[PDB]
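Each reported figure results from applying straightforward, stated rules to the coordinates on display, with no laboratory input. Cβ atoms come from the backbone with ideal geometry, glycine included; neighbour counts cover every protein chain shown.
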Amino acid sequence: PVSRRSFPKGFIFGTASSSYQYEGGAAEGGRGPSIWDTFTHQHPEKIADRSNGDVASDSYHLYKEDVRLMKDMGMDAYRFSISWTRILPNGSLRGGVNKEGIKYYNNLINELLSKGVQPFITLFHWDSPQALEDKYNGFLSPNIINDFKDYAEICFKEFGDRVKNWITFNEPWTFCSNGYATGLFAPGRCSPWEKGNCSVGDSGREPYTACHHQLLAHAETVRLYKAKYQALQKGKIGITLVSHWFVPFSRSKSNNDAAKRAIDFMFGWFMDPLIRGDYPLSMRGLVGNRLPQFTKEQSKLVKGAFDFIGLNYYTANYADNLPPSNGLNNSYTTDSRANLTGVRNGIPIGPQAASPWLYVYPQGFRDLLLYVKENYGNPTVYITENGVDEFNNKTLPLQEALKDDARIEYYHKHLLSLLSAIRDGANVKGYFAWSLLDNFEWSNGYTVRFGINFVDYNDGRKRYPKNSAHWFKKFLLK
Ligand SMILES: O=[N+]([O-])c1ccc(O[C@@H]2O[C@H](CO)[C@@H](O)[C@H](O)[C@H]2F)c([N+](=O)[O-])c1
Ligand SMILES: [Zn+2]
């Protein structure tokens, strides 16, 4: 018990959102379709409630209320994402620049600043242009790099006078693993035997190609930022990565080496190229010629290409050793030879949230942060996402739905765990809660609510503060 005053001076507290999950106005103000527009409309069976982001939380119209809601809590900063196809309706410069899209984000930024809230902007939060998907399969083509670079530069030119904090990509792990290994997220590609039962793809090659291309697009974009923009705009640029914490299934050395392989595959996949200039050893060994290779020039470009690392933490998994399968079912999912579970001998690692993958384990938050400290030279970190969900329940009266004690408990323990890690030397500068509002939770649609504020989808998307909102107001005092 635990308040802002417990944290170092200058420490930043905020909330996070993303364009597709919040904005709505999908076909409004000249916005082009993204792969998630396509994905939700053509494959509604892949969304738990067959829903889409057409309206979402209507932030495109209601963003002033959002800023008001953050301000009432005393938030320092807002993490949001720009929709690529709101700026470049068909992905590329030559396809035309959408003026009305630029106006919207200017309005959002100006509104935030008029109320003392600093904007942290994610360039890519999965809403990849459909036109570039159709043209060359999006991130499976090296052509994506320049189109991304051109998109990024328009953001630097239009917004960089006021925006001082930039994130290139959000959770490339999630994007690549779910989009191309399991095919459960857009663009919904995978091997036929894999979970998404996709019509096209290869779970053993495509995840790696996609993410390789994201890393190159990231590095190119950082380089560009530092070369042309950083001198006069004096902002910072980084990237947001997820990691679970991995507890060895038992005390055996092989289970310990599995947990190490799990983290190498989920997290080191991006961290090692960024810190050491190449993919993890276990990745190059186990994946072989299915993993692309950096040229010497590419390695130089990727190494050290960041001002900070955004870190997302939600849960822990047990990690157990797995024999090679051995043969013709190569998938990124199994490539690690680590079997991931949240339950061990019928005992869940922590209480299970509404998301079936989300188990409450505050300990691992600290563990992850210290792992980063000890193994990656303690880089500047912001916690770009942390949070939990409850079910969307149409039978509960409104006032019962606002009582999110489980969320308060989640934040209480995780903030304590974050504090202890900081006190033990973790180079952490800020913290963003996922998320400000209930929103479109991807393949879970609206069946699940992550918000500190309730959104009534059946009453014009009206916002209501949950109990946790009040809790954060207290916490954020002075
Ligand atoms: O399945 N996963 O391993 C996994 C990881 C991060 C995930 O999601 C992350 O955190 C939030 C809550 O989940 C999302 O709304 C964010 O947009 C995303 F960054 C998701 N996901 O959104 O479905 C899934
Ligand atoms: Zn509206």
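Remarks
- Tally of residues being more than 16 Å from ligand 2 (Cβ to nearest atom), of a type in the set (S, T, N, Q) and more than 19 Å from the chain's Cα centre (by Cα) across the stretch 435-478: 4
- Taking first residues from the stretch 351-365 that are in contact (Cβ under 8 Å) with a residue 60 or more places away in the chain and farther than 14 Å from residue 407 by Cβ and partners that are within 16 Å of ligand 2 (Cβ to nearest atom) and not basic (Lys, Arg), no Cβ contact under 9 Å between residues at least 6 apart in sequence or on separate chains turns up.
- Considering residues of the stretch 237-284 that are out of contact with any helix residue (DSSP H, G or I) (no Cβ under 6 Å at 6 or more places or on another chain) and among the small types (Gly, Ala, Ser) only, the residue farthest from residue 169 (Cα to Cα): 252
- Taking (1) assigned to a helix (DSSP H, G or I); (2) within 16 Å of ligand 1 (Cβ to nearest atom) in turn, residue 106 satisfies each apart from (2).
- Residue ID - farthest from residue 162 (Cα to Cα), chosen from residues in the stretch 174-231 that are aromatic (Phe, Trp, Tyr) and more than 16 Å from ligand 1 (Cβ to nearest atom): 193
- Checked against (1) within 16 Å of ligand 2 (Cβ to nearest atom); (2) in contact with a helix residue (DSSP H, G or I) (Cβ under 8 Å, 6 or more places away or on another chain); (3) not β-branched (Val, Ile, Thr), residue 426 passes all but a single condition, namely (1).
- Any hit, the stretch 306-316, residues being in contact with a helix residue (DSSP H, G or I) (Cβ under 6 Å, 6 or more places away or on another chain) and farther than 29 Å from residue 123 by Cβ: yes
- Residue 380 fulfils the conditions (1) within 18 Å of the chain's Cα centre (by Cα); (2) within 15 Å of ligand 1 (Cβ to nearest atom); (3) among the polar types (S, T, N, Q) except for a single criterion, (2).
- Count - residues of the stretch 3-36 that are more than 16 Å from ligand 1 (Cβ to nearest atom), within 20 Å of the chain's Cα centre (by Cα) and either free of Cβ contacts under 8 Å to residues at least 24 places away in the same chain or under 17 Å from residue 130 (Cα atoms) (or both): 0
Conditions tested, residue by residue: (1) away from ligand 1 (no atom under 16 Å from the Cβ); (2) touching a helix residue (DSSP H, G or I) at 6+ places or on another chain (Cβ under 6 Å); (3) among the hydrophobic types (A, V, I, L, M, F, W, C).
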{"residue": "406", "(1), (2), (3)": "no, no, yes"}
{"residue": "411", "(1), (2), (3)": "no, no, no"}
{"residue": "444", "(1), (2), (3)": "no, no, no"}
{"residue": "472", "(1), (2), (3)": "yes, yes, yes"}
{"residue": "476", "(1), (2), (3)": "yes, yes, yes"}
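- Restricted to the stretch 266-306, the set of helices (runs of 4 or more DSSP H) holding at least 1 residues that are surrounded by fewer than 16 Cβ atoms within 10 Å (Cβ to Cβ) and free of Cβ contacts under 8 Å to residues at least 24 places away in the same chain comprises 281-287, 296-302.
- Each residue in the stretch 412-422 was checked for being out of contact with any strand residue (DSSP E or B) (no Cβ under 9 Å at 6 or more places or on another chain) and within 24 Å of residue 307 (Cβ to Cβ), and 1 of them qualify.
- Restricting attention to the stretch 47-68, the residues that are within 11 Å of ligand 2 (Cβ to nearest atom) and either within 21 Å of the chain's Cα centre (by Cα) or farther than 20 Å from residue 116 by Cα (or both) add up to 8.
- Taking the stretch 128-145 as the range and being part of a helix (DSSP H, G or I), in contact (Cβ under 8 Å) with a residue 24 or more places away in the chain and under 17 Å from residue 187 (Cα atoms) as the test, the residues that pass are 130, 131, 132, 133, 135, 138, 139, 140, 144.
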